[PDB]
Amino acid sequence: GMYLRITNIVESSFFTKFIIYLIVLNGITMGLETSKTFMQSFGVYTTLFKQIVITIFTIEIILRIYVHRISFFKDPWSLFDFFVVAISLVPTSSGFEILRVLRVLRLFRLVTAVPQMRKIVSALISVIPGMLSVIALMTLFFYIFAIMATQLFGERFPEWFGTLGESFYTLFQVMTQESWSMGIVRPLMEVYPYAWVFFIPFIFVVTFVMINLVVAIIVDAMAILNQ
Amino acid sequence: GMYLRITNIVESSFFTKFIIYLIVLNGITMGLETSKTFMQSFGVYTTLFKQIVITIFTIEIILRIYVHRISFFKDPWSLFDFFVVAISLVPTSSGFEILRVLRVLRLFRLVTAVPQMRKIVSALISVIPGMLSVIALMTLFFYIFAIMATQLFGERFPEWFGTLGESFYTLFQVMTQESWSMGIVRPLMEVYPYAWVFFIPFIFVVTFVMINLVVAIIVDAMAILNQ
Amino acid sequence: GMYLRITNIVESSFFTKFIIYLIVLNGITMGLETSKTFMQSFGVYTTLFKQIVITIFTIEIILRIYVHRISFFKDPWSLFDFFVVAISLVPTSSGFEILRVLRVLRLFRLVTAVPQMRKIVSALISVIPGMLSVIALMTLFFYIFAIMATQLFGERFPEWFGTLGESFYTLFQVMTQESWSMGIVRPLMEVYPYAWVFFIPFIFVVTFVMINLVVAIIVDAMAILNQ
Amino acid sequence: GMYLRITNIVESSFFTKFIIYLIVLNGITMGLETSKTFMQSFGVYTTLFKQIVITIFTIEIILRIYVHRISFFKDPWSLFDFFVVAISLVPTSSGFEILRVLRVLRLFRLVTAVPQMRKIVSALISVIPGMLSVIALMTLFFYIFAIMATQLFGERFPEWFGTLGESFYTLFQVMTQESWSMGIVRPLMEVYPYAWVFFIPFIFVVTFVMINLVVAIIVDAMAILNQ
């Protein structure tokens, strides 16, 4: 087509720097809205601000959808950028409260826009694929010990191991090692005195696996450097 | 001998993929049996399912024992695969309850069958042999401090250090650092005010050794790469 | 100018070794002043000692400012060395109590003077610049989860998430993993039973990011060695 | 001189393997003596055993001192081997109870005798010298924050920060992160609401330094391999 003009504006630096400025202003706005006193004083300016920024972001997404239609929905950053826009597009009384809490995720658009942020985030995602083998191992391991722990402690201890889900949680807690013994294992042993046969091996296996996953991360990082 | 036929079926992909499907179905079954309501509704279909799958697995192990007899009992994956089959072969009322909880280990047959899982598990086992020197060091160290801590705190504090085993446990807990001070050392110091001479050095030695073991894992991994 | 004499004294070893000896004597002095009994016995000798050492340090800084004026205020070690001198130069009744507690920082002048200490400290500072990308990521992440957690739990749980700052703190605590579950998440779930959807993902993201930052430190260290 | 005979016996394998067997027998003995029931049954055989083994070890040390006099007291393994022998040589009623608890250290003679154990222990000691710079840094840092924390919280909180030593301990506890917040910082903030300015930076500095020390261990290990 002005199509060259609108694609030289959308891909212009000033357009994306401007929506960056709008993102930062909105983040401060969202920070201030937690103050109940600030919300008694300037509750109207901020909400009108939120409305004007949501409309700007929606037209900005419409333009970005136009200038490169096929890529926009095959590109992860813009896909997410479209989804957080959409989630906050549904009016706050049109959705459940949880939708209004998710609206906060619209600040990650700062990670979307800032290219140093893009670089680092896709670096962490890049780490993820090697870990799949040991994540699959470990979630099978957690499933098995959830099952055994439910069937072993979930009547005398229905608070912690009564369910499969409760056992998943208490096992994750034991894995992070928080309160693993004065909190879970010792009270257990007040009734089942060989409960440490279940948990001490569990601790050993889970910690060994975690260490090895970390070392794995490290060598995958280093191989691209020694080459 | 059909011996070529049965060894072209046992070593066929479909046979092992089928027992993989059976393993997954059984894992979901075992997951559902923890629900007491599901067990009131469909307690019979699942138990008949468990019986038909245990017979399939037992004939599958019999065939696998036949086609390569000598290797089957000199191969770790199949050895374990035989043992978990056997453990759940003993009827649930023929054994103690703990046997029924061990039956859950039959889901690790998924690690046995899936070759990506085999690769990663034998990778972790491969890590293990280098660690033997420092494991032997450390268990001697734990034995010595168990002994000293029992003889030092196990009358005024029989809950935690009254025995050698109780001291082993409380020392392992202090090693994982859980509640090491507000939980153990400080209550101790209410009666023995120099108890930190025992535990602070213990903490230092045990943490230093743990770090060094991890670094050791790392360099053993890296040497095979710089070569 | 004696200017050559005073610059051959300031840059002399004995001058800086002497202020090192004075720094150590002052550190022991500061250690002793916490004893209330020692302060009843020799409260006067130590305070006169503090006054004579502060005057020596102030003239030492005046000389060092003279011999190389332009560099002194463009050099970090001496800049800090000037600032800790100044902070304790304000009389103890001229400032708030917090100023008297900051006076203790005058012992880091030992890190300033000792060159092995300088080497190691600037080594740690040298590590810092690479971490900026992931620190910026993470503080955005903490800001977002502070906001969501305040809006989600800060009425039923005003102690922990009532404010943005309180939520920052409780989230940092959950990040260090201290008491994350028996302390925060479980009491929460007594009222909001899906609170683990908020915290378990938070734990996962924050731990993964921390691991990756550490690995990043490591590879940055190693690249200067494989080269 | 038989001097060749006694030096071909002392340096014989059988002599050192025999004292290894004696060390293991004594370790089991020491383990059994914690049982009060075993001590009612066989309290005499074990004590006579302890006496016969202590005499064997003392003559063994006398022989080892003879065959190479100058080296024995310039060699760390044998020096320690001499000292643990001496500590348990003082009769149990001739010393304080703590001496009888130290007698347990005579089991580390197993690390002294076993050469794989020697290899690994001197490997860990070998790691230690590089860490000196950051240990010296850190103990200065701990001294400074002990001082500030005593002067800041040791009247309203004399249990934890009343002394310099108590503050050292509570700071070490905060460093290991155990109960750092629900245990120390939060109760503090009930009276001093900006106590997190002191501890959150302390946590950050101490953790960063710890990470860097570990990375330092790692690169020192790796440089001897890339060479």
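Going in written order, the chains are labelled A, B, C and D, and every chain counts its residues from 1.
Assume contacts are C-beta pairs under 8 Å (C-beta built on N, C-alpha and C of every residue); 3 or more make two chains touch, one makes a residue touch a chain.
Asks: Counting one step per pair of touching chains, how far is subunit C from subunit B at the shortest?
Replies: The least step count works out to 2.
Asks: Do the two copies subunit C and subunit D share over half of their interface residue numbers, or under half; same or different?
Replies: Mostly different residues.
Asks: Where the centres are mean C-alpha positions, what is the separation of subunit A from subunit D, in Å?
Replies: The computed centroid separation for subunit A versus subunit D comes out at 44 Å.
Asks: Please work out the Cα centroid separation of subunit A and subunit C, and write it as a whole number of Å.
Replies: Measuring from centre to centre gives 31 Å for this pair.
Asks: Please list all residues of subunit A that touch 2 or more other chains.
Replies: In subunit A, residues 177-179, 218, 222, 226 touch at least two other chains, as defined above.
Asks: Chain adjacency by touch: line, ring, star, complete or other shape?
Replies: The chain contacts form a single closed ring, each chain touching exactly two others.
Asks: Quick one: which chain pairs are touching?
Replies: A-B, A-C, B-D, C-D
Asks: For the complex, which residues does subunit B have touching subunit D?
Replies: 133-134, 136-137, 140, 143-144, 147-148, 150-152, 154, 163-164, 177-182, 196, 200, 203, 208-209, 211-212, 215-216, 218-219, 222-223, 226
Asks: Of all residues in subunit B, which touch subunit A in the complex?
Replies: 27, 30-31, 34-35, 100-101, 104-105, 107-108, 110-111, 116-117, 119-121, 123-124, 127, 169, 172-173, 176-179, 183, 214, 217-218, 221-222, 225-226
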